[PDB]
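As C-alpha cells, the structure follows; a few thoughts come after it.
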Amino acid sequence: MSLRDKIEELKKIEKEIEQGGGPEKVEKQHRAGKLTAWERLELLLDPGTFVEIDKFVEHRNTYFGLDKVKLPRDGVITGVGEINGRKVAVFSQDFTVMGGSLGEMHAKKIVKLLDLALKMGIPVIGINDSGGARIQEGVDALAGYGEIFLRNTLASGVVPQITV
Amino acid sequence: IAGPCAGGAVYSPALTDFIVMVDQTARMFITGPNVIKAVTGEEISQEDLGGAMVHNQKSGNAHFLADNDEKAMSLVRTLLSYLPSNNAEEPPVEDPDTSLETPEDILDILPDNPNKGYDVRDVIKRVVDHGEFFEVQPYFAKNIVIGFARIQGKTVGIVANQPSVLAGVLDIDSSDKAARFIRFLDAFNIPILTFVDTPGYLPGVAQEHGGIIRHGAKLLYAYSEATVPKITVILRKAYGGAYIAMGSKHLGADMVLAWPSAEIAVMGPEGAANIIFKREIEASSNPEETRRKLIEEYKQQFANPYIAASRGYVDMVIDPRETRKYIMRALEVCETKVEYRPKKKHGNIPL
Amino acid sequence: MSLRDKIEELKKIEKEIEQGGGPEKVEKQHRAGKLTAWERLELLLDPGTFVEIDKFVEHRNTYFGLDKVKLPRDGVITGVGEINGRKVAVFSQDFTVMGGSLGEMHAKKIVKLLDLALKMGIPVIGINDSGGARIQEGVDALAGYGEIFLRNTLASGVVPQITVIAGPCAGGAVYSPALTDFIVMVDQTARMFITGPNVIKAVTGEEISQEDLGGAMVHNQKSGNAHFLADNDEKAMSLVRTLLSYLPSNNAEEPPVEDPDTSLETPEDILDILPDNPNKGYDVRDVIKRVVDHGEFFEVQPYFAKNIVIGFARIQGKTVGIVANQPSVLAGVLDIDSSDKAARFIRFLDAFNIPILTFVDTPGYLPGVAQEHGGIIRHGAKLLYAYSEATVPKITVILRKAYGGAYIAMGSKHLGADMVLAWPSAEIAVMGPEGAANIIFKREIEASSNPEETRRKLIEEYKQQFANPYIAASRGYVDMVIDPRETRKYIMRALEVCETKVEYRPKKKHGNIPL
Ligand SMILES: [Mg+2]
C-alpha cells in the first residue's frame with residue numbers, strides 16, 4: 001500500500017529469493033562439502049563491497065512444468081565487488097536451484113556481466129557449479145551457452161578471466 | 001549577456017554551451033522593436049521582447065539569470081568548477097562527500113496519493129554530495145529539471161521529471177532542454193544521472209502541429225548516442241514512450257534502479273486495461289465495478305517494477321534509502337567505461 | 001516422413017505465413033486504399049531480388065490470450081533486396097496481423113535488420129503501418145521500441161535511413177521515423193501522432209479528426225516532420241527508388257554517378273527570371289532548373305517553410321544538394337522553420353559526402369514577437385553550425401539580396417564556402433540599405449529641412465556605392481562577380497576541383513549544436 005508497506009513487501013521478496021533452492025537443498029550442498037553460491041562470494045570479495053544485479057530475474061520458458069515453479073535468480077548470482085580495493089565482476093552459480101542448470105535467463109545474466117566486465121575493463125571471476133543445460137529450455141539453453149562463449153572469446157587478452 | 005546584444009551578434013552566444021543573462025540590463029534579439037512595429041504592427045518593449053527573463057522563461061535561449069554583473073561573474077566561476085578545460089580531460093574533483101547514507105526522510109517526499117506531485121529537487125538533494133544542486137535553465141520547461149551536482153566530489157549532470165509541474169510530462173520544450181544538456185554532458189565526459197516520474201507526453205493539437213515527434217526524438221537520440229555513464233532511478237510513474245526516453249536500459253543505461261513505488265507500464269494502466277479488457281467490461285452486468293476491479297489488478301500485477309526487473313530491464317528494485325550508495329558504487333565502476341560508436345563525420349539528429 | 005514429405009510440409013507452413021492476417025483482413029486493407037506489406041515490397045524492390053529472413057519467427061508472450069493465437073511473421077516482413085542493382089535492407093509492417101502492432105519479436109526482427117544494414121554498409125527502408133505497441137505484451141513492447149531507436153541513432157549518418165508511413169503510426173511508433181533521415185507519407189491513408197484524438201479530447205477538450213491531427217499533409221505542411229507526400233503506395237515506392245538513386249549506400253562512399261549532362265551552357269532566358277523591380281519576387285526553382293543537369297530537380301519538404309527551397313539535383317551526373325531562398329514566399333526571409341528545414345538537410349548532405357549548392361536572395365530574418373519568443377536565435381544558429389561544420393564542397397551563388405545575418409548564414413565564405421559567385425544583381429550589405437543609411441546618416445537626416453528627400457538620396461547613393469557586389473569581391477569574400485549565363489560552367493569546374501577536397505575538424509565525440 002504505502003511506500004513503507006511496499007518496502008516491507010520488497011524485503012519479503014528478497015528474503016525468498018535469498019533462500020536459493022531452499023533449506024533442504026542448502027543442507028545437502030553443505031553435506032557434500034560444498035559452500036553455497038552466496039557464501040563463496042562472501043569469502044571472495046572485500047567485505048561489504050558486493051553489488052548484486054539482476055536478483056529479480058525470472059525464467060520465461062514454460063515447457064515441461066517450468067510455468068509452475070519459481071527459480072530464484074534463475075540459478076546464478078551476478079555482480080561487481082572489490083578484491084583488495086580493485087573492481088572485479090563475479091558470477092556464482094547456485095546448485096540448489098535445479099542443479100545449477102543453465103536456463104536462458106541464467107545465461108543472459110552471465111552474458112550481461114561479461115559484456116559489462118569487458119566495457120569497464122575489469123577482471124571476471126566465474127564460479128561454476130552446474131549439471132549443465134537446463135534440458136527443459138531446449139535450444140534456448142544452447143543459444144545461452146553460445147553467447148557466453150562468444151563473450152569469453154572477445155574478452156580474451158582484454159580482461160583476465162578466472163574460473164573456479 | 002551583460003548589455004545589449006542585437007542582430008547578428010546573437011548567434012555567437014547561441015553557438016556556445018551556456019548563456020548567462022543579467023536581469024534588467026541584458027537584452028538580446030535579432031530584430032528590435034522598431035523594425036517589428038514597422039513590419040508587423042506589434043508594439044513591444046525591448047525588455048518584453050528580449051529581456052533576461054524572456055530568454056530564461058519563454059524562448060529557451062538562456063540558461064541562467066543573474067541579478068547583476070557581480071553575480072554573473074560568480075555564477076560563471078561556479079559553473080566552471082563543474083567542468084573540464086577540454087574534452088580530453090576528466091571533470092575536476094571538488095569537496096568530496098564520501099558518506100553513503102541517504103536520510104530517512106527521503107521516504108516522506110512522495111505523497112501517499114499517486115495523483116499528487118512533489119518537488120523532485122527534494123529527492124535530488126537527498127542523494128547528491130552535501131545536498132548541493134546547481135540548476136540549469138530553471139525558468140524554462142519546468143516540467144523537467146536539469147543541472148550539475150557531485151557524487152564523491154565528481155561532477156554528474158541531473159535530468160529529472162518534475163511531477164509538480166504539468167504532471168511531469170514530456171513535451172517539445174522539455175525535450176529540447178534536456179536533450180541539449182545531455183549532449184553537452186556526453187561531450188565533456190560527465191556522467192548522467194536520471195530521475196524518472198512521468199505519465200507520458202503532453203497531449204495537444206499544438207504539440208503535434210508543433211513537431212513533438214522531431215523534438216521528442218532529440219532526447220532519444222541524445223541518450224542513445226551518449227557513451228558517458230548513465231544511471232537511472234525510477235521513483236514512480238514511467239509510462240509508454242516517456243519511460244523509454246528517460247534514460248532507459250534500452251537506450252544504453254549502465255544501471256537502472258527502481259524504488260518500490262515505481263510503476264512501469266506500456267501505457268497508462270487505465271487506458272491499457274480499457275483496451276485489453278474491452279470485451280469483458282462490455283459483457284459484465286456492471287461495467288464500472290469490473291473496469292475498476294481490472295484497473296487495480298492491472299496496476300498490481302503488470303505495472304509493478306518487478307516485471308521489468310524479471311527481464312533485467314531494471315537491474316535492481318531498491319529501498320529508497322539505498323539510492324545514494326548504489327549511485328556512488330555504480331559510478332566508481334563506470335569511471336573506466338569505454339564504449340565505441342560507428343565512424344561518422346557526425347550524425348543527423350532531428351532539429 | 002521423407003525429405004520430400006518435409007519439403008511439402010515446409011511449403012504449407014510458408015503459404016500459411018504468407019496469408020498474413022487472413023483473406024478478410026487483406027480485403028479490408030485493400031478497401032482502405034492500402035496495399036499489403038508484401039505488395040509494397042514487390043513494387044519497391046527489383047523483380048525477384050528480395051531475400052526474406054526471420055519469416056518463421058513466432059511471438060513468445062502468453063498474456064491476455066496471446067498463447068491461443070499464431071501471428072505470422074509477428075507482423076513484419078524483414079529482408080534484403082536490390083534497388084537498381086544495389087543492396088538495400090527493408091522492413092514492411094503488416095497491418096493485417098493485430099493492427100501491425102509491435103510485439104517483442106516483431107521489434108527484435110527490425111533490430112536484427114538494422115544491425116545488419118549497419119554492418120553491411122547498406123541503406124534501410126522502413127515501411128510503417130501499425131496501430132502502435134502491442135499492449136498485451138507490456139514493457140517488452142517498450143523494450144522493443146527502445147532497442148530500435150538505439151539502432152537508428154547508431155546508424156544515423158552512417159547508412160541512409162528512409163521511412164515510409166503508409167498507414168497508422170501511433171504512440172512510440174512515431175520516433176523511429178523521426179530518427180531516420182527522410183519520411184515519405186501517403187496521402188489519406190497515412191497518419192502519425194504520439195497521442196490520438198480521443199485522448200486529446202479527454203485531456204484538452206480539443207476535438208480533431210486523425211487526418212487533421214496527423215495526416216500526411218499536416219506533417220508535410222505544419223509540423224515539419226515529413227519530407228514527401230505520395231498520393232499512393234505505388235507513388236511512395238517509386239519516390240523511394242528515385243531518392244536512393246541520389247544517395248550513397250553508406251558514409252564511406254562517394255554518391256552514385258548517373259546520366260551526365262556534359263553541356264556547359266546556361267540558357268539565355270536565365271536573364272529573364274529576376275524581375276526588373278527589386279521589390280518583386282520570383283520562383284528560385286526557375287534559376288535552379290536552368291543550372292542543374294537536364295533541368296531536373298527533386299525537391300524535399302516542398303510544403304513546409306516554402307520561403308526556403310531544398311532538394312537533390314546533379315551536376316555532370318554527380319549528386320548535389322540545393323539550398324535556396326525563395327523570394328516569392330515571405331520575400332525569401334529566414335525564420336525558425338526555414339532554418340530547421342535547411343540545417344537538417346545540410347547535415348545529411350555533409351554526412352553522406354554530397355556537395356552543397358546554395359542560391360542566395362534574402363533580405364534577412366522574419367521580424368515578429370513570435371519568432372523571438374519561439375527561439376529564432378537558437379533555431380537560426382543551427383543553419384550557421386550546419387554550414388560551418390560541413391567539410392563537403394560548398395558552392396554559393398548570390399543572385400540578388402544578401403543582407404545582415406542572412407548573408408552570413410546562406411553558405412557565406414566566412415563559414416567555409418569553397419567558392420562564392422555573385423551575379424551583377426547581387427546586393428550585399430551589413431543590413432538593409434534603408435536601415436543602414438538611417439543609422440550612418442542619422443545626424444544629416446535629422447538636421448535636414450527635408451529628411452525624407454535627404455534620406456532617399458543617401459539610400460540610393462549607399463545602394464550604389466556600398467552594396468554592389470564589388471566591395472565584397474574587392475576583399476575576396478566573393479571570389480568572382482559573374483555573368484549569370486556563366487553560372488553552370490563555374491559550378492561544374494569548381495565541383496571537379498572539389499572532388500579531392502579534404503578538410504579536418506577537431507577531435508570530439510560530437511558537437512553541441514543548438515536544439
Ligand atoms: Mg524547435
Side-chain angles (χ1 to χ4, degrees), chain B residues 10-11 13-15 19 28-30 54-63 137 140-141 143-144 146 169-184 201-202 204-222 245 347-351, chain C residues 174-175 177-179 181 183 192-194 214 218-227 301 303-305 307-308 310 333-348 365-366 368-386 409 511-515:
Chain B
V10 300
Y11 286 133
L15 293 163
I19 293 178
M28 198 181 54
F29 42 72
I30 293 190
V54 162
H55 291 298
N56 271 273
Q57 180 184 74
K58 281 185 224 210
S59 65
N61 291 322
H63 303 84
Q137 238 167 339
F140 183 63
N143 55 308
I144 203 166
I146 57 164
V169 299
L170 288 168
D171 69 333
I172 287 168
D173 289 342
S174 58
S175 294
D176 270 347
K177 176 173 167 176
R180 183 136 194 265
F181 191 59
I182 290 160
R183 300 196 77 235
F184 177 81
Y201 285 82
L202 178 58
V205 169
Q207 286 294 302
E208 198 56 52
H209 291 188
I212 180 57
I213 289 174
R214 57 195 174 83
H215 289 83
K218 287 163 187 189
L219 188 60
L220 298 172
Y221 184 108
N348 195 27
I349 189 167
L351 290 175
Chain C
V174 301
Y175 287 132
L179 296 160
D181 304 314
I183 302 182
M192 199 171 54
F193 38 74
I194 280 186
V218 151
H219 292 298
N220 268 276
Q221 184 185 28
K222 277 175 184 84
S223 77
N225 286 325
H227 308 78
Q301 278 176 293
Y303 304 108
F304 177 75
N307 57 305
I308 202 150
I310 58 166
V333 296
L334 288 175
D335 69 340
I336 288 165
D337 287 347
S338 66
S339 285
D340 276 344
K341 167 170 169 181
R344 181 132 119 119
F345 190 60
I346 284 161
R347 297 192 86 234
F348 175 88
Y365 289 86
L366 179 63
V369 175
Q371 294 293 299
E372 199 51 51
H373 286 189
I376 180 66
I377 293 169
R378 64 194 173 90
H379 290 86
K382 295 172 192 165
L383 183 53
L384 301 170
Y385 189 107
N512 192 24
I513 191 154
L515 293 165

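Protein chains get the first letters and strands the later ones, always in sequence-line order, with residue 1 at the start of each. All ligand and atom numbering here is 1-based and tracks the order in the structure.
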Let me confirm one number: the CD-CZ distance from B:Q137 to B:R180, rounded to the nearest 0.5 Å. 9.0 Å
Please report the interatomic distance OH(B:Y201) to CD(B:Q207), rounded to the nearest 0.5 Å. 10.5 Å
Carefully, step by step, assess C:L334 and C:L366 under the rule side chain to side chain contact (heavy atoms under 4.5 Å, CB included). CA-CA 6 Å; C:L334 288 175; C:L366 179 63; over 6 Å; no
Roughly how far, to the nearest 0.5 Å, is CG of C:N225 from CD of B:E208? 7.0 Å
Applying the side-chain contact (heavy atoms from CB on, under 4.5 Å) test to B:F181, which of B:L219, B:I144, B:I146 qualifies? B:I146
B:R214 meets the salt bridge (charged side-chain N to carboxylate O under 4.0 Å, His left out) criterion, sequence neighbours left out, with C:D340
Strictly under 2.8 Å, how many protein N, O or S atoms lie near the Mg ion (ligand 1)? Waters don't count. 2
